[PDB]
Amino acid sequence: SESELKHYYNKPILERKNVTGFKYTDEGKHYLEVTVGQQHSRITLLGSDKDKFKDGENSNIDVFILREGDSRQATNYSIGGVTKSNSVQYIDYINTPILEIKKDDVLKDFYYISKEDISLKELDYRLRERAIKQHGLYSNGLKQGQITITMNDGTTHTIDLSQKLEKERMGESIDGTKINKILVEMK
């Protein structure tokens with residue numbers, strides 16, 4: 001649905017880097033607790049992201065939190081969006097791949113990478129944020145389309161815009177230094 005999709009991607013984001021999270025298991029479910037400042041949060045680990053991190057304390061990790069439900073409880077319940085912070089300190093962006101936004105009618109620009117390890121959850125969200133804010137995505141019936149992220153080795157990561165990023169993928173991450181270009185087509 002247009003409004004239910006525009007609603008989801010208009011939700012605020014809690015993004016913090018260089019934090020510490022505690023991983024554990026509860027009933028076959030794997031979680032990662034993260035408490036930054038006063039906001040307490042529990043991240044759900046699925047498919048991929050669950051094995052990437054070890055049980056117990058995990059230091060030097062970055063977090064991209066988005067509350068799934070609409071319930072107004074204090075704690076944040078998010079899925080995926082956990083990556084490893086950069087191995088070194090960069091004072092500038094690491095990579096600035098080309099970003100095309102075709103409402104097919106093309107607009108040139110770049111996507112600014114500040115992370116070695118970036119989760120699909122972040123890209124998916126940040127790209128659609130831009131599409132909605134400035135190109136009327138999920139407004140006036142404009143709901144179809146596809147995101148194509150091309151790497152230096154030629155592999156591509158495709159994300160259908162007619163639906164929310166499938167959960168099992170929110171935990172995946174890609175080498176932010178190898179991203180060649182990003183294409184956002186709406187139709």
# chains A, B, ... in the order shown; residues from 1 in each chain; ligands from 1
>>> residues_around(residues="residue 164 (chain A)", least_positions_apart="2", cutoff="9 Å", atoms="only C-alpha atoms", output="PDB file with N, CA, C and O atoms, in the first residue's frame")
ATOM      1  N   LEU A   5       3.370   2.229   3.081  1.00  0.00           N
ATOM      2  CA  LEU A   5       4.763   2.119   2.692  1.00  0.00           C
ATOM      3  C   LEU A   5       5.457   3.466   2.927  1.00  0.00           C
ATOM      4  O   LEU A   5       6.591   3.521   3.414  1.00  0.00           O
ATOM      5  N   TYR A   8       6.093   3.749   6.657  1.00  0.00           N
ATOM      6  CA  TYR A   8       7.246   2.996   7.149  1.00  0.00           C
ATOM      7  C   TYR A   8       8.564   3.716   6.919  1.00  0.00           C
ATOM      8  O   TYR A   8       9.366   3.889   7.839  1.00  0.00           O
ATOM      9  N   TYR A   9       8.781   4.139   5.688  1.00  0.00           N
ATOM     10  CA  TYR A   9      10.018   4.811   5.344  1.00  0.00           C
ATOM     11  C   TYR A   9      10.118   6.272   5.823  1.00  0.00           C
ATOM     12  O   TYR A   9      11.141   6.919   5.604  1.00  0.00           O
ATOM     13  N   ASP A 124      18.836   0.814   1.525  1.00  0.00           N
ATOM     14  CA  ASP A 124      17.409   0.772   1.211  1.00  0.00           C
ATOM     15  C   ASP A 124      16.662   1.980   1.778  1.00  0.00           C
ATOM     16  O   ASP A 124      15.926   2.668   1.078  1.00  0.00           O
ATOM     17  N   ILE A 159      16.693  -4.226  -5.309  1.00  0.00           N
ATOM     18  CA  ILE A 159      15.637  -4.059  -4.293  1.00  0.00           C
ATOM     19  C   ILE A 159      14.354  -3.507  -4.917  1.00  0.00           C
ATOM     20  O   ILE A 159      14.339  -2.370  -5.385  1.00  0.00           O
ATOM     21  N   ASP A 160      13.293  -4.314  -4.919  1.00  0.00           N
ATOM     22  CA  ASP A 160      12.005  -3.918  -5.473  1.00  0.00           C
ATOM     23  C   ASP A 160      11.376  -2.857  -4.575  1.00  0.00           C
ATOM     24  O   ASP A 160      11.307  -3.032  -3.362  1.00  0.00           O
ATOM     25  N   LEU A 161      10.921  -1.759  -5.179  1.00  0.00           N
ATOM     26  CA  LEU A 161      10.308  -0.651  -4.437  1.00  0.00           C
ATOM     27  C   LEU A 161       8.821  -0.849  -4.131  1.00  0.00           C
ATOM     28  O   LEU A 161       8.279  -0.156  -3.269  1.00  0.00           O
ATOM     29  N   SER A 162       8.156  -1.774  -4.830  1.00  0.00           N
ATOM     30  CA  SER A 162       6.734  -2.026  -4.591  1.00  0.00           C
ATOM     31  C   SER A 162       6.509  -2.638  -3.205  1.00  0.00           C
ATOM     32  O   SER A 162       5.374  -2.712  -2.732  1.00  0.00           O
ATOM     33  N   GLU A 166      12.729  -7.034   2.154  1.00  0.00           N
ATOM     34  CA  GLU A 166      12.458  -8.297   2.821  1.00  0.00           C
ATOM     35  C   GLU A 166      13.349  -8.387   4.063  1.00  0.00           C
ATOM     36  O   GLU A 166      14.534  -8.071   4.004  1.00  0.00           O
ATOM     37  N   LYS A 167      12.757  -8.793   5.188  1.00  0.00           N
ATOM     38  CA  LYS A 167      13.458  -8.879   6.498  1.00  0.00           C
ATOM     39  C   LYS A 167      14.807  -9.586   6.481  1.00  0.00           C
ATOM     40  O   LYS A 167      15.820  -9.011   6.870  1.00  0.00           O
TER      41      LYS A 167
END
>>> select_by_dssp(residues="region 14-178 of chain A", states="alpha helix (DSSP H)", output="VMD selection string")
chain A and resid 49 to 52 120 to 135 167 to 170
>>> residues_around(residues="region 99-115 of chain A", least_positions_apart="6", cutoff="6 Å", atoms="only C-alpha atoms", output="short mmCIF file (atom, residue, chain, number, x, y, z; two decimals) with N, CA and C atoms, in the first residue's frame")
data_model
loop_
_atom_site.label_atom_id
_atom_site.label_comp_id
_atom_site.auth_asym_id
_atom_site.auth_seq_id
_atom_site.Cartn_x
_atom_site.Cartn_y
_atom_site.Cartn_z
N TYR A 93 35.04 11.13 3.25
CA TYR A 93 34.23 10.00 2.83
C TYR A 93 35.15 8.99 2.18
N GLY A 176 31.21 -1.43 1.38
CA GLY A 176 31.00 -0.05 0.97
C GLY A 176 32.10 0.57 0.12
N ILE A 182 24.96 3.50 -7.95
CA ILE A 182 23.61 3.20 -7.49
C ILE A 182 22.61 3.81 -8.47
N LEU A 183 21.61 3.01 -8.83
CA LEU A 183 20.56 3.42 -9.74
C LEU A 183 19.23 3.26 -9.03
N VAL A 184 18.39 4.28 -9.14
CA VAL A 184 17.06 4.24 -8.54
C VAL A 184 16.06 4.57 -9.63
N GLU A 185 15.35 3.55 -10.08
CA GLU A 185 14.36 3.70 -11.12
C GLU A 185 12.96 3.60 -10.52
N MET A 186 12.08 4.51 -10.92
CA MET A 186 10.70 4.52 -10.44
C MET A 186 9.88 4.42 -11.70
N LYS A 187 8.75 3.72 -11.64
CA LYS A 187 7.98 3.59 -12.86
C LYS A 187 6.50 3.38 -12.60
#
>>> closest_atom_pairs(of="region 60-166 of chain A", to="region 32-54 of chain A", cutoff="10 Å", atoms="only C-alpha atoms", output="Markdown table")
| residue | atom | partner | partner_atom | distance |
| --- | --- | --- | --- | --- |
| A:61 | CA | A:53 | CA | 9.6 |
| A:63 | CA | A:34 | CA | 8.7 |
| A:64 | CA | A:43 | CA | 9.7 |
| A:65 | CA | A:43 | CA | 7.9 |
| A:66 | CA | A:43 | CA | 9.4 |
| A:67 | CA | A:41 | CA | 9.1 |
| A:74 | CA | A:40 | CA | 7.6 |
| A:75 | CA | A:40 | CA | 5.1 |
| A:76 | CA | A:41 | CA | 4.4 |
| A:77 | CA | A:42 | CA | 5.1 |
| A:78 | CA | A:43 | CA | 4.9 |
| A:79 | CA | A:44 | CA | 4.6 |
| A:80 | CA | A:45 | CA | 6.0 |
| A:81 | CA | A:43 | CA | 8.3 |
| A:82 | CA | A:49 | CA | 7.5 |
| A:83 | CA | A:49 | CA | 8.5 |
| A:84 | CA | A:53 | CA | 9.1 |
| A:119 | CA | A:49 | CA | 9.7 |
>>> atom_distance(atom1="CA of residue 172 (chain A)", atom2="CA of residue 118 (chain A)")
8.4 Å
>>> residues_around(residues="residue 55 (chain A)", least_positions_apart="5", cutoff="10 Å", atoms="only C-alpha atoms", output="list in words")
residues 21, 22, 23, 24, 25, 30, 31, 32 and 50 of chain A
>>> write_last_selection(atoms="N, CA, C and O atoms", output="PDB file, in the first residue's frame")
ATOM      1  N   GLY A  21      27.279  -3.708  21.907  1.00  0.00           N
ATOM      2  CA  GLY A  21      26.026  -4.462  21.967  1.00  0.00           C
ATOM      3  C   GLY A  21      26.225  -5.839  22.549  1.00  0.00           C
ATOM      4  O   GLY A  21      27.273  -6.442  22.361  1.00  0.00           O
ATOM      5  N   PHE A  22      25.219  -6.335  23.264  1.00  0.00           N
ATOM      6  CA  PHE A  22      25.297  -7.661  23.896  1.00  0.00           C
ATOM      7  C   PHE A  22      24.425  -8.673  23.162  1.00  0.00           C
ATOM      8  O   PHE A  22      23.201  -8.542  23.153  1.00  0.00           O
ATOM      9  N   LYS A  23      25.044  -9.687  22.564  1.00  0.00           N
ATOM     10  CA  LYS A  23      24.286 -10.704  21.838  1.00  0.00           C
ATOM     11  C   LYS A  23      23.943 -11.894  22.730  1.00  0.00           C
ATOM     12  O   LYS A  23      24.757 -12.325  23.549  1.00  0.00           O
ATOM     13  N   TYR A  24      22.738 -12.431  22.545  1.00  0.00           N
ATOM     14  CA  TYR A  24      22.273 -13.582  23.316  1.00  0.00           C
ATOM     15  C   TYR A  24      21.171 -14.343  22.585  1.00  0.00           C
ATOM     16  O   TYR A  24      20.708 -13.923  21.530  1.00  0.00           O
ATOM     17  N   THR A  25      20.765 -15.470  23.164  1.00  0.00           N
ATOM     18  CA  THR A  25      19.713 -16.298  22.601  1.00  0.00           C
ATOM     19  C   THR A  25      18.572 -16.448  23.598  1.00  0.00           C
ATOM     20  O   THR A  25      18.797 -16.533  24.805  1.00  0.00           O
ATOM     21  N   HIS A  30      17.611 -15.012  18.149  1.00  0.00           N
ATOM     22  CA  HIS A  30      18.903 -14.425  18.469  1.00  0.00           C
ATOM     23  C   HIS A  30      18.753 -12.918  18.492  1.00  0.00           C
ATOM     24  O   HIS A  30      18.294 -12.341  17.515  1.00  0.00           O
ATOM     25  N   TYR A  31      19.136 -12.280  19.595  1.00  0.00           N
ATOM     26  CA  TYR A  31      19.008 -10.825  19.709  1.00  0.00           C
ATOM     27  C   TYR A  31      20.301 -10.136  20.058  1.00  0.00           C
ATOM     28  O   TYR A  31      21.273 -10.772  20.469  1.00  0.00           O
ATOM     29  N   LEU A  32      20.290  -8.817  19.894  1.00  0.00           N
ATOM     30  CA  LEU A  32      21.416  -7.989  20.239  1.00  0.00           C
ATOM     31  C   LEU A  32      20.853  -6.787  20.966  1.00  0.00           C
ATOM     32  O   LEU A  32      20.059  -6.039  20.415  1.00  0.00           O
ATOM     33  N   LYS A  50      22.990 -13.068  12.184  1.00  0.00           N
ATOM     34  CA  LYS A  50      23.161 -13.810  13.465  1.00  0.00           C
ATOM     35  C   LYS A  50      24.530 -14.464  13.725  1.00  0.00           C
ATOM     36  O   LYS A  50      24.981 -14.504  14.864  1.00  0.00           O
TER      37      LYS A  50
END
>>> decode(residues="region 55-104 of chain A", atoms="C-alpha atoms", output="PDB file, in the first residue's frame")
ATOM      1  CA  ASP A  55      27.597 -14.170  21.735  1.00  0.00           C
ATOM      2  CA  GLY A  56      28.311 -11.836  24.628  1.00  0.00           C
ATOM      3  CA  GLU A  57      29.784  -8.356  24.431  1.00  0.00           C
ATOM      4  CA  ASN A  58      30.529  -7.024  20.970  1.00  0.00           C
ATOM      5  CA  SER A  59      32.466  -3.792  20.764  1.00  0.00           C
ATOM      6  CA  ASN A  60      33.129  -1.595  17.741  1.00  0.00           C
ATOM      7  CA  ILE A  61      29.826  -2.037  15.921  1.00  0.00           C
ATOM      8  CA  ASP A  62      27.576   0.411  14.138  1.00  0.00           C
ATOM      9  CA  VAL A  63      23.822   0.513  14.435  1.00  0.00           C
ATOM     10  CA  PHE A  64      20.922   1.592  12.166  1.00  0.00           C
ATOM     11  CA  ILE A  65      17.681   1.294  14.160  1.00  0.00           C
ATOM     12  CA  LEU A  66      14.104   1.477  12.904  1.00  0.00           C
ATOM     13  CA  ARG A  67      11.080   0.590  15.070  1.00  0.00           C
ATOM     14  CA  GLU A  68       9.049  -2.103  13.302  1.00  0.00           C
ATOM     15  CA  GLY A  69       5.635  -1.922  14.973  1.00  0.00           C
ATOM     16  CA  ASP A  70       3.527   1.168  15.747  1.00  0.00           C
ATOM     17  CA  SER A  71       3.212   0.408  19.483  1.00  0.00           C
ATOM     18  CA  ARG A  72       4.406   3.354  21.593  1.00  0.00           C
ATOM     19  CA  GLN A  73       6.509   1.492  24.215  1.00  0.00           C
ATOM     20  CA  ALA A  74       9.888   3.039  25.163  1.00  0.00           C
ATOM     21  CA  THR A  75      12.242   0.295  23.893  1.00  0.00           C
ATOM     22  CA  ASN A  76      13.020   0.070  20.199  1.00  0.00           C
ATOM     23  CA  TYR A  77      12.478  -3.245  18.424  1.00  0.00           C
ATOM     24  CA  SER A  78      14.363  -3.245  15.113  1.00  0.00           C
ATOM     25  CA  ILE A  79      15.569  -5.898  12.683  1.00  0.00           C
ATOM     26  CA  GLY A  80      19.107  -6.081  11.240  1.00  0.00           C
ATOM     27  CA  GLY A  81      21.063  -2.905  10.503  1.00  0.00           C
ATOM     28  CA  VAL A  82      24.110  -4.014  12.489  1.00  0.00           C
ATOM     29  CA  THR A  83      27.574  -3.799  10.977  1.00  0.00           C
ATOM     30  CA  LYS A  84      31.185  -3.537  12.030  1.00  0.00           C
ATOM     31  CA  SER A  85      32.517  -0.053  12.462  1.00  0.00           C
ATOM     32  CA  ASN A  86      35.386   1.040  10.308  1.00  0.00           C
ATOM     33  CA  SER A  87      38.793  -0.486  11.041  1.00  0.00           C
ATOM     34  CA  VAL A  88      40.482   2.899  10.729  1.00  0.00           C
ATOM     35  CA  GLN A  89      39.579   6.543  11.164  1.00  0.00           C
ATOM     36  CA  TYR A  90      38.670   8.380   7.959  1.00  0.00           C
ATOM     37  CA  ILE A  91      38.329  12.167   8.104  1.00  0.00           C
ATOM     38  CA  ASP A  92      36.746  12.183   4.607  1.00  0.00           C
ATOM     39  CA  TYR A  93      34.229  10.004   2.827  1.00  0.00           C
ATOM     40  CA  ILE A  94      35.613   6.647   1.762  1.00  0.00           C
ATOM     41  CA  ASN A  95      33.758   6.303  -1.523  1.00  0.00           C
ATOM     42  CA  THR A  96      31.384   8.584  -3.447  1.00  0.00           C
ATOM     43  CA  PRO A  97      29.794   6.406  -6.130  1.00  0.00           C
ATOM     44  CA  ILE A  98      27.501   7.859  -8.802  1.00  0.00           C
ATOM     45  CA  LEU A  99      23.771   8.032  -8.036  1.00  0.00           C
ATOM     46  CA  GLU A 100      21.187   8.132 -10.852  1.00  0.00           C
ATOM     47  CA  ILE A 101      17.522   8.748 -10.068  1.00  0.00           C
ATOM     48  CA  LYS A 102      15.378   7.915 -13.101  1.00  0.00           C
ATOM     49  CA  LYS A 103      11.674   8.732 -12.881  1.00  0.00           C
ATOM     50  CA  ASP A 104      11.136   6.949 -16.223  1.00  0.00           C
TER      51      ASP A 104
END
